[PDB]
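Working notes, structure below.
Basis: the model, the stated rules and, where named, an outside source; no laboratory instrument gave them. Cβ atoms come from the backbone with ideal geometry, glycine included; neighbour counts cover every protein chain shown.
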Amino acid sequence: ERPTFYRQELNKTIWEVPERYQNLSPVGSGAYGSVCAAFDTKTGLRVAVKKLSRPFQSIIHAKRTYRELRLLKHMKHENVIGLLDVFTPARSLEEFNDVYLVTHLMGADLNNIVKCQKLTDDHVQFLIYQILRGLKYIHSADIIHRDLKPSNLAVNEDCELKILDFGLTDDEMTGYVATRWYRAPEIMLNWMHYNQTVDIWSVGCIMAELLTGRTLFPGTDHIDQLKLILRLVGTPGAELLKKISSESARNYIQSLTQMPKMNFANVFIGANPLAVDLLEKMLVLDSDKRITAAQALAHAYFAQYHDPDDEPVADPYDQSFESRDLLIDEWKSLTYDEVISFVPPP
Ligand SMILES: C[C@@H](Cn1ncnn1)Nc1ncc2cc(Oc3ccc(F)cc3F)c(=O)n(C)c2n1
């Protein structure tokens, strides 16, 4: 049956949640909503509860809400943020106006833990292994993160990791900002229709930073960042130039003085040669030629962690809704069906 709900004001907004969730405390901002820590008395888990802000105020918002719920409901993997619960105080579709999403409460994001700090090779191995393990799963469902960065990697005290905010402005991408430093050049500069390996570029940037304690490509703007990238990996050859479908972007790239790829062993001085090799395979300008998550897990760098029988893939994920044009109430009804049909994990 329907649980008993109780009301509380937290972020100058009234939160209405089932009794099972106790000791609500603000954590901060989440994607498209605010997040509270809580204790789930039913499972004994410390949980993060996100209340979506105005989830059905427009078509964009309504579809966005449906999108996030569909994504979270699908993801069932140790290294990916999944859905422990989803609820609404609404008793019917006509009353339906709020959506609350529940997942594991994590200790900190990777950024807050590692900033300015050089990690030991074993710690890097374990962290990157988990990211790749989660990404293999995400990619197998034909989902792309698109925005992978340290702040979207949630980690506990024992370094257990989960990927947050997968599959989801111009101002926040401007200037000397971490929001752009981990982005593949093809997505940063709209070169072409990009693939799953945009995420692998991001993993390369994250891995380098864990190994050195320094941002790999701390560009002051898009152009400065491109220059930093091209200095390391070399200017594109004729082969990649043809794949840049944007005539304007292709034309600009051609104006740059050619540079050869640098020696990664001279860039990452002292690093495990296996780590250097993997970075070389991740940080390839031509996305067609980048290592995949599945391939990277089999790389000798992860010898102590790799297990082909314990690196699962996802069930098929139907995202035909993405190409669908619907009204607010139609997206709302689809979302409502997904809320009501939710079955909690074991
Ligand atoms: C104390 C911080 C340290 N931290 N870890 C990662 N980021 N910040 N712990 C923590 N735990 C979990 C989350 C979950 C978030 O999104 C959700 C996703 C799906 C849901 F069903 C519910 C969510 F709330 C989120 O936005 N944040 C900021 C979180 N923060």
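Within the option set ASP142, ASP170, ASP165, being of a type outside the set (A, V, I, L, M, F, W, C), within 16 Å of the ligand (Cβ to nearest atom) and in a loop (DSSP other than H, G, I, E, B) holds for one residue only, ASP165. More than 15 Å from the ligand (Cβ to nearest atom) and either within 18 Å of the chain's Cα centre (by Cα) or β-branched (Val, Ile, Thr) (or both): is that true of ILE81 in this structure? No: the conditions fail for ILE81. Here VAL47 fulfils each of the conditions (1) away from the ligand (no atom under 11 Å from the Cβ); (2) out of contact with any helix residue (DSSP H, G or I) (no Cβ under 7 Å at 6 or more places or on another chain) apart from (1).
Of the residues making up the range 1-55, those that are of a type in the set (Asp, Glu) and either outside any loop (DSSP other than H, G, I, E, B) or touching a strand residue (DSSP E or B) at 6+ places or on another chain (Cβ under 9 Å) (or both) are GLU9, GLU16, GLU19, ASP40.
As for the range 237-256, it holds no residue that is surrounded by 18 or more Cβ atoms within 10 Å (Cβ to Cβ) and of a type in the set (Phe, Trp, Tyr). Residues considered: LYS76, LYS118, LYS63. Of these, the only one that is in the same structural domain as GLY134 (by CATH), among the basic types (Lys, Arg), more than 9 Å from the ligand (Cβ to nearest atom) and over 26 Å from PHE5 (Cβ atoms) is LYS118.
Look at (1) closer than 30 Å to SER58 by Cα; (2) under 23 Å from the mean Cα position of the chain (by Cα); (3) of a type outside the set (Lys, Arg); (4) outside any loop (DSSP other than H, G, I, E, B) and you find that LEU279 fails only one, number (1). Report yes if some residue within the range 65-83 is assigned to a strand (DSSP E or B), more than 19 Å from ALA108 (Cα to Cα) and touching an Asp or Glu at 6+ places or on another chain (Cβ under 8 Å); otherwise report no. Checking the range 65-83: not a single residue is assigned to a strand (DSSP E or B), more than 19 Å from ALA108 (Cα to Cα) and touching an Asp or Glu at 6+ places or on another chain (Cβ under 8 Å).
Yes or no, residue by residue, for (1) outside the structural domain of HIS77 (by CATH); (2) within 22 Å of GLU68 (Cβ to Cβ); (3) crowded, with 19+ Cβ neighbours inside 10 Å:
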{"site": "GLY134", "(1), (2), (3)": "yes, yes, yes"}
{"site": "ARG146", "(1), (2), (3)": "yes, yes, no"}
{"site": "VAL177", "(1), (2), (3)": "yes, no, no"}
{"site": "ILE200", "(1), (2), (3)": "yes, no, yes"}
{"site": "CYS205", "(1), (2), (3)": "yes, no, yes"}
